[PDB]
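A.B. asks: Here you go, one structure.
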Amino acid sequence: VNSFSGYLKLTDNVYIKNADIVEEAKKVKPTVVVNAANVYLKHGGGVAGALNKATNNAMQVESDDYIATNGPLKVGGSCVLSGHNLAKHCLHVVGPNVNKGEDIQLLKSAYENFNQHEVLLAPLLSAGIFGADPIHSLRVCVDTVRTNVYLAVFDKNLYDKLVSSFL
Ligand SMILES: O=C(O)C[C@H]1CN(c2ncnc3[nH]c4cc(F)ccc4c23)CC2(CCC2)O1
């Protein structure tokens with residue numbers, strides 16, 4: 001038993017809700033919240049900008065130190081940093097950005113990072129400003145992640161569409 005509430009069960013291990021991931025994190029304080037990161041951990045907009053704003057820019061300050069030490073992430077890769085006031089840990093995962101020409105096949109590699117964590121609160125990778133089809137992203141998630149994932153979808157119209165079209 002865990003503290004996530006109001007989710008629709010899609011499979012044995014994947015759950016979905018129309019919710020703002022920032023507010024969901026603030027209330028649940030999950031062990032892991034996933035950020036929709038870029039390789040530079042520049043949290044300017046989308047999910048990343050919203051999560052970073054909720055930490056009063058502490059996420060960005062920590063991320064800048066991480067990059068100064070380690071260099072950029074790989075597309076499809078991840079790193080674990082602090083969850084600040086939102087979660088114990090933040091798993092920063094880089095899905096491909098279709099608006100940068102990145103290979104959509106890397107989306108499966110990105111979701112594989114979730115399997116290192118027993119339970120996660122997450123967005124749909126490569127959705128939103130990353131330009132991928134969120135329905136495809138949901139399919140890859142369900143076919144790749146084996147751990148327990150609670151997906152927060154901000155947009156209500158898209159949520160309804162994701163549910164109604166789910167096979
Ligand atoms: O509607 C979606 O869920 C898909 C979109 C948006 N996203 C989010 N997912 C959950 N919570 C959110 N809160 C936000 C607050 C913002 F200011 C901006 C965006 C989000 C957001 C995920 C993405 C992929 C990156 C962008 O695509």
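Residue numbering restarts at 1 in every chain; chains get A, B, ... in the order shown in the structure tokens, and ligands count up from 1 in that same order.
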Mind dumping a table of every chain A residue within 6 Å of ligand 1, with the nearest atom pair and its distance in Å to one decimal, using only C-alpha atoms and all ligand atoms, sorted by chain and rising number, as a tab-separated table?

C.D. replies:
```
residue	atom	partner	partner_atom_place_in_ligand_line	distance
A:20	CA	ligand 1	11 (N)	4.2
A:21	CA	ligand 1	11 (N)	3.9
A:36	CA	ligand 1	25 (C)	5.4
A:46	CA	ligand 1	18 (C)	3.8
A:47	CA	ligand 1	20 (C)	4.0
A:50	CA	ligand 1	17 (F)	4.8
A:123	CA	ligand 1	9 (N)	4.7
A:124	CA	ligand 1	22 (C)	5.8
A:125	CA	ligand 1	24 (C)	5.6
A:126	CA	ligand 1	24 (C)	5.2
A:127	CA	ligand 1	24 (C)	3.7
A:128	CA	ligand 1	27 (O)	2.6
A:129	CA	ligand 1	26 (C)	4.9
A:130	CA	ligand 1	25 (C)	5.8
A:152	CA	ligand 1	10 (C)	5.0
A:153	CA	ligand 1	3 (O)	3.5
A:154	CA	ligand 1	1 (O)	3.8
A:155	CA	ligand 1	1 (O)	4.1
```

A.B. asks: Need to verify the contact set: residue 4 in chain A, 10 Å, only C-alpha atoms, exclusion of same-chain residues closer than 6 positions in sequence. Can you return it as a PDB file with N, CA, C and O atoms, in the first residue's frame?

C.D. replies:
```pdb
ATOM      1  N   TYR A  15      -0.151   3.344 -13.524  1.00  0.00           N
ATOM      2  CA  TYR A  15      -1.305   4.107 -13.072  1.00  0.00           C
ATOM      3  C   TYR A  15      -1.238   5.502 -13.685  1.00  0.00           C
ATOM      4  O   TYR A  15      -0.154   5.998 -13.988  1.00  0.00           O
ATOM      5  N   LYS A  17      -3.252   9.663 -13.829  1.00  0.00           N
ATOM      6  CA  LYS A  17      -4.141  10.649 -13.216  1.00  0.00           C
ATOM      7  C   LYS A  17      -3.991  11.979 -13.958  1.00  0.00           C
ATOM      8  O   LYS A  17      -2.891  12.329 -14.407  1.00  0.00           O
ATOM      9  N   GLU A  24       1.042  17.205  -7.112  1.00  0.00           N
ATOM     10  CA  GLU A  24       1.050  15.818  -6.680  1.00  0.00           C
ATOM     11  C   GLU A  24       2.278  15.504  -5.821  1.00  0.00           C
ATOM     12  O   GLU A  24       2.162  14.856  -4.774  1.00  0.00           O
ATOM     13  N   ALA A  25       3.460  15.974  -6.231  1.00  0.00           N
ATOM     14  CA  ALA A  25       4.673  15.753  -5.440  1.00  0.00           C
ATOM     15  C   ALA A  25       4.565  16.414  -4.068  1.00  0.00           C
ATOM     16  O   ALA A  25       4.900  15.805  -3.045  1.00  0.00           O
ATOM     17  N   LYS A  27       2.113  16.876  -2.279  1.00  0.00           N
ATOM     18  CA  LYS A  27       1.194  16.244  -1.359  1.00  0.00           C
ATOM     19  C   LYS A  27       1.627  14.855  -0.958  1.00  0.00           C
ATOM     20  O   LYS A  27       1.484  14.459   0.204  1.00  0.00           O
ATOM     21  N   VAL A  28       2.146  14.112  -1.915  1.00  0.00           N
ATOM     22  CA  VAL A  28       2.569  12.745  -1.636  1.00  0.00           C
ATOM     23  C   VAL A  28       3.968  12.679  -1.018  1.00  0.00           C
ATOM     24  O   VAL A  28       4.237  11.807  -0.184  1.00  0.00           O
ATOM     25  N   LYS A  29       4.869  13.579  -1.404  1.00  0.00           N
ATOM     26  CA  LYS A  29       6.276  13.509  -1.022  1.00  0.00           C
ATOM     27  C   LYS A  29       6.822  12.123  -1.375  1.00  0.00           C
ATOM     28  O   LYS A  29       7.314  11.398  -0.504  1.00  0.00           O
ATOM     29  N   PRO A  30       6.735  11.728  -2.642  1.00  0.00           N
ATOM     30  CA  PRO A  30       7.185  10.390  -3.033  1.00  0.00           C
ATOM     31  C   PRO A  30       8.687  10.225  -2.845  1.00  0.00           C
ATOM     32  O   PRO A  30       9.449  11.192  -2.772  1.00  0.00           O
ATOM     33  N   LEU A 121       6.750   8.715  -9.152  1.00  0.00           N
ATOM     34  CA  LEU A 121       5.808   9.688  -9.705  1.00  0.00           C
ATOM     35  C   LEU A 121       6.457  10.303 -10.931  1.00  0.00           C
ATOM     36  O   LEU A 121       7.580  10.806 -10.840  1.00  0.00           O
ATOM     37  N   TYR A 150       3.408   5.977 -11.359  1.00  0.00           N
ATOM     38  CA  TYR A 150       2.237   6.835 -11.215  1.00  0.00           C
ATOM     39  C   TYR A 150       2.451   8.035 -12.134  1.00  0.00           C
ATOM     40  O   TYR A 150       3.307   8.890 -11.866  1.00  0.00           O
TER      41      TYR A 150
END
```

A.B. asks: Which residues are close to range 9-12 of chain A, i.e. within 10 Å by only C-alpha atoms, leaving aside same-chain residues fewer than 6 positions away? Reply as an MDAnalysis selection string.

C.D. replies: chainID A and resid 142 146:148 150 163 166:167

A.B. asks: May I have the residues within 10 Å of residue 39 in chain A as a ChimeraX atom specification, using only C-alpha atoms and disregarding those fewer than 3 positions away in the same chain?

C.D. replies: /A:42,67,71-78,92-96

A.B. asks: Select from chain A everything DSSP, run on the backbone, classes as strand (DSSP E), then give the selection as number ranges by chain.

C.D. replies: A: 8-9, 14-18, 32-36, 78-82, 89-93, 119-122, 148-153

A.B. asks: Go ahead and save the residues from that selection, with N, CA, C and O atoms, as a compact mmCIF listing (two decimals), in the first residue's frame.

C.D. replies:
```
# COMPACT_ATOMS: atom_id res chain seq x y z
N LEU A 8 -6.16 6.01 -12.10
CA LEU A 8 -6.73 4.94 -12.86
C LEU A 8 -5.64 3.91 -13.12
O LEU A 8 -4.51 4.28 -13.45
N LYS A 9 -5.98 2.64 -12.97
CA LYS A 9 -5.03 1.55 -13.17
C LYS A 9 -5.07 1.16 -14.65
O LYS A 9 -6.12 0.76 -15.15
N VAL A 14 1.27 0.20 -14.00
CA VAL A 14 1.18 1.57 -14.50
C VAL A 14 -0.18 2.16 -14.13
O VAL A 14 -1.23 1.55 -14.40
N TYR A 15 -0.15 3.34 -13.52
CA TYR A 15 -1.30 4.11 -13.07
C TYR A 15 -1.24 5.50 -13.69
O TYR A 15 -0.15 6.00 -13.99
N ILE A 16 -2.39 6.16 -13.86
CA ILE A 16 -2.45 7.47 -14.51
C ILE A 16 -3.52 8.35 -13.86
O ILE A 16 -4.56 7.88 -13.42
N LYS A 17 -3.25 9.66 -13.83
CA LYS A 17 -4.14 10.65 -13.22
C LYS A 17 -3.99 11.98 -13.96
O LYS A 17 -2.89 12.33 -14.41
N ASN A 18 -5.10 12.74 -14.08
CA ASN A 18 -5.04 14.13 -14.55
C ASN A 18 -4.65 14.98 -13.35
O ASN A 18 -5.45 15.19 -12.44
N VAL A 32 10.60 9.07 -5.17
CA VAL A 32 11.17 9.52 -6.44
C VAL A 32 10.14 10.29 -7.25
O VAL A 32 9.07 9.75 -7.55
N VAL A 33 10.47 11.52 -7.64
CA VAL A 33 9.77 12.25 -8.70
C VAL A 33 10.69 12.31 -9.91
O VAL A 33 11.89 12.59 -9.76
N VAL A 34 10.15 12.02 -11.09
CA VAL A 34 10.90 12.09 -12.34
C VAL A 34 10.76 13.49 -12.95
O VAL A 34 9.65 14.03 -13.07
N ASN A 35 11.90 14.07 -13.33
CA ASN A 35 11.92 15.28 -14.14
C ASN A 35 12.15 14.95 -15.61
O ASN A 35 12.96 14.08 -15.95
N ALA A 36 11.44 15.69 -16.47
CA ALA A 36 11.63 15.68 -17.92
C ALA A 36 12.79 16.62 -18.24
O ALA A 36 12.59 17.77 -18.64
N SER A 78 20.08 9.39 -17.43
CA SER A 78 19.48 9.93 -16.23
C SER A 78 20.54 10.16 -15.17
O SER A 78 21.64 9.60 -15.23
N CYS A 79 20.16 10.93 -14.15
CA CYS A 79 20.92 11.01 -12.91
C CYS A 79 19.95 11.22 -11.75
O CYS A 79 18.85 11.76 -11.93
N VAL A 80 20.37 10.78 -10.57
CA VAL A 80 19.60 10.94 -9.34
C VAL A 80 20.18 12.12 -8.57
O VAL A 80 21.37 12.13 -8.22
N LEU A 81 19.34 13.11 -8.29
CA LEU A 81 19.72 14.24 -7.46
C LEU A 81 18.67 14.40 -6.37
O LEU A 81 17.75 13.59 -6.22
N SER A 82 18.81 15.45 -5.56
CA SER A 82 17.86 15.69 -4.49
C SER A 82 16.45 15.97 -5.02
O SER A 82 16.29 16.60 -6.07
N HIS A 89 14.15 12.03 -3.68
CA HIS A 89 15.06 12.10 -4.81
C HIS A 89 14.29 12.60 -6.04
O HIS A 89 13.08 12.35 -6.19
N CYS A 90 15.00 13.27 -6.93
CA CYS A 90 14.53 13.55 -8.28
C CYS A 90 15.37 12.75 -9.25
O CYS A 90 16.60 12.88 -9.28
N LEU A 91 14.71 11.92 -10.07
CA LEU A 91 15.36 11.21 -11.16
C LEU A 91 15.21 12.07 -12.41
O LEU A 91 14.10 12.18 -12.96
N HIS A 92 16.29 12.71 -12.84
CA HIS A 92 16.28 13.54 -14.04
C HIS A 92 16.50 12.61 -15.21
O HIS A 92 17.57 12.00 -15.32
N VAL A 93 15.51 12.47 -16.09
CA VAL A 93 15.58 11.56 -17.23
C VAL A 93 15.47 12.37 -18.51
O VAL A 93 14.57 13.21 -18.64
N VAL A 119 9.19 2.49 -7.01
CA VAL A 119 7.99 3.32 -7.17
C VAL A 119 8.40 4.72 -7.61
O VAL A 119 9.33 5.30 -7.03
N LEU A 120 7.68 5.29 -8.58
CA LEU A 120 7.99 6.64 -9.08
C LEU A 120 6.71 7.40 -9.40
O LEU A 120 5.75 6.83 -9.91
N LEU A 121 6.75 8.72 -9.15
CA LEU A 121 5.81 9.69 -9.70
C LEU A 121 6.46 10.30 -10.93
O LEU A 121 7.58 10.81 -10.84
N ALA A 122 5.79 10.24 -12.08
CA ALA A 122 6.47 10.67 -13.29
C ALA A 122 5.56 11.36 -14.29
O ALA A 122 4.34 11.11 -14.33
N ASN A 148 6.65 0.24 -10.34
CA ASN A 148 5.34 0.87 -10.17
C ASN A 148 5.43 2.36 -10.47
O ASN A 148 6.11 3.11 -9.76
N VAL A 149 4.75 2.78 -11.52
CA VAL A 149 4.83 4.15 -12.01
C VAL A 149 3.45 4.80 -11.97
O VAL A 149 2.46 4.23 -12.47
N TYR A 150 3.41 5.98 -11.36
CA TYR A 150 2.24 6.83 -11.22
C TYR A 150 2.45 8.04 -12.13
O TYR A 150 3.31 8.89 -11.87
N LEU A 151 1.74 8.04 -13.26
CA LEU A 151 1.86 9.08 -14.29
C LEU A 151 0.89 10.22 -14.02
O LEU A 151 -0.32 10.00 -13.90
N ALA A 152 1.42 11.44 -13.95
CA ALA A 152 0.63 12.66 -13.82
C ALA A 152 0.58 13.36 -15.18
O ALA A 152 1.63 13.71 -15.74
N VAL A 153 -0.62 13.58 -15.69
CA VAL A 153 -0.84 14.26 -16.96
C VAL A 153 -1.55 15.57 -16.66
O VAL A 153 -2.71 15.57 -16.22
```

A.B. asks: Could you please write out, as a PyMOL selection string, every residue of chain A that DSSP assigns to alpha helix (DSSP H)?

C.D. replies: chain A and resi 21-28+46-54+58-70+106-112+134-144+156-164

A.B. asks: Restricting the output to C-alpha atoms, write the selected residues as a short mmCIF file (atom, residue, chain, number, x, y, z; two decimals), in the first residue's frame.

C.D. replies:
```cif
data_model
loop_
_atom_site.label_atom_id
_atom_site.label_comp_id
_atom_site.auth_asym_id
_atom_site.auth_seq_id
_atom_site.Cartn_x
_atom_site.Cartn_y
_atom_site.Cartn_z
CA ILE A 21 3.00 16.78 -11.03
CA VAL A 22 4.22 19.69 -8.84
CA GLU A 23 1.12 19.61 -6.68
CA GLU A 24 1.05 15.82 -6.68
CA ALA A 25 4.67 15.75 -5.44
CA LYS A 26 3.96 18.38 -2.75
CA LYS A 27 1.19 16.24 -1.36
CA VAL A 28 2.57 12.74 -1.64
CA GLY A 46 7.74 22.42 -19.31
CA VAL A 47 7.77 19.98 -16.43
CA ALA A 48 11.39 20.86 -15.58
CA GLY A 49 10.75 24.60 -15.33
CA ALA A 50 7.70 24.00 -13.12
CA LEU A 51 9.50 21.55 -10.80
CA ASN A 52 12.48 23.88 -10.52
CA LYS A 53 10.26 26.91 -9.77
CA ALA A 54 8.59 24.92 -6.97
CA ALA A 58 17.43 25.06 -5.63
CA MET A 59 17.05 22.30 -8.24
CA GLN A 60 18.86 24.49 -10.81
CA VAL A 61 21.67 25.39 -8.38
CA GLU A 62 22.26 21.70 -7.58
CA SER A 63 22.04 20.78 -11.27
CA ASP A 64 24.60 23.40 -12.31
CA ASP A 65 27.10 21.93 -9.82
CA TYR A 66 26.35 18.41 -11.16
CA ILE A 67 27.06 19.49 -14.76
CA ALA A 68 30.21 21.40 -13.79
CA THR A 69 31.55 18.19 -12.21
CA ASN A 70 30.25 15.51 -14.60
CA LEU A 106 15.82 6.56 -27.51
CA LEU A 107 12.49 6.89 -25.70
CA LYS A 108 12.63 3.23 -24.66
CA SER A 109 16.14 3.72 -23.23
CA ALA A 110 14.90 6.74 -21.30
CA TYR A 111 12.04 4.76 -19.70
CA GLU A 112 14.46 1.93 -18.78
CA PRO A 134 2.03 11.31 -25.77
CA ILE A 135 0.00 8.26 -26.83
CA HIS A 136 3.20 6.67 -28.21
CA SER A 137 5.02 7.71 -25.03
CA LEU A 138 2.38 5.98 -22.88
CA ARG A 139 2.69 2.79 -24.97
CA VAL A 140 6.50 2.76 -24.59
CA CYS A 141 6.12 3.37 -20.86
CA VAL A 142 3.73 0.43 -20.41
CA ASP A 143 5.91 -1.86 -22.55
CA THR A 144 9.20 -0.85 -20.85
CA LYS A 156 -7.25 17.23 -18.95
CA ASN A 157 -8.05 16.96 -22.64
CA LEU A 158 -4.94 14.85 -23.24
CA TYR A 159 -5.61 12.70 -20.16
CA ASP A 160 -9.07 11.79 -21.47
CA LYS A 161 -7.57 11.00 -24.83
CA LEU A 162 -4.84 8.84 -23.39
CA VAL A 163 -7.37 6.82 -21.37
CA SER A 164 -9.94 6.49 -24.17
#
```

A.B. asks: What is the CA of residue 56 in chain A-CA of residue 87 in chain A distance in Å, reported with one decimal?

C.D. replies: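 Result for CA of residue 56 in chain A versus CA of residue 87 in chain A: 14.3 Å, one decimal.
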
A.B. asks: Counting only C-alpha atoms, which residue out of A:145, A:37, A:132, A:1 sits closest to residue 98 in chain A?

C.D. replies: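 For residue 98 in chain A, the nearest of the candidates is A:132.
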
A.B. asks: Would you mind reading off the distance between CA of residue 41 in chain A and CA of residue 100 in chain A, one decimal, in Å?

C.D. replies: 15.5 Å

A.B. asks: With only C-alpha atoms as the atoms that count, which of A:31, A:113, A:99, A:105 lies nearest to residue 85 in chain A?

C.D. replies: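 So, comparing all the options, the nearest one is A:31.
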
A.B. asks: So how many Å separate CA of residue 115 in chain A and CA of residue 2 in chain A, to one decimal?

C.D. replies: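 Distance between the two atoms: 17.9 Å.
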
A.B. asks: For residue 57 in chain A, which residue among A:19, A:118, A:43, A:38 is the nearest when counting only C-alpha atoms?

C.D. replies: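 Closest candidate: A:43.
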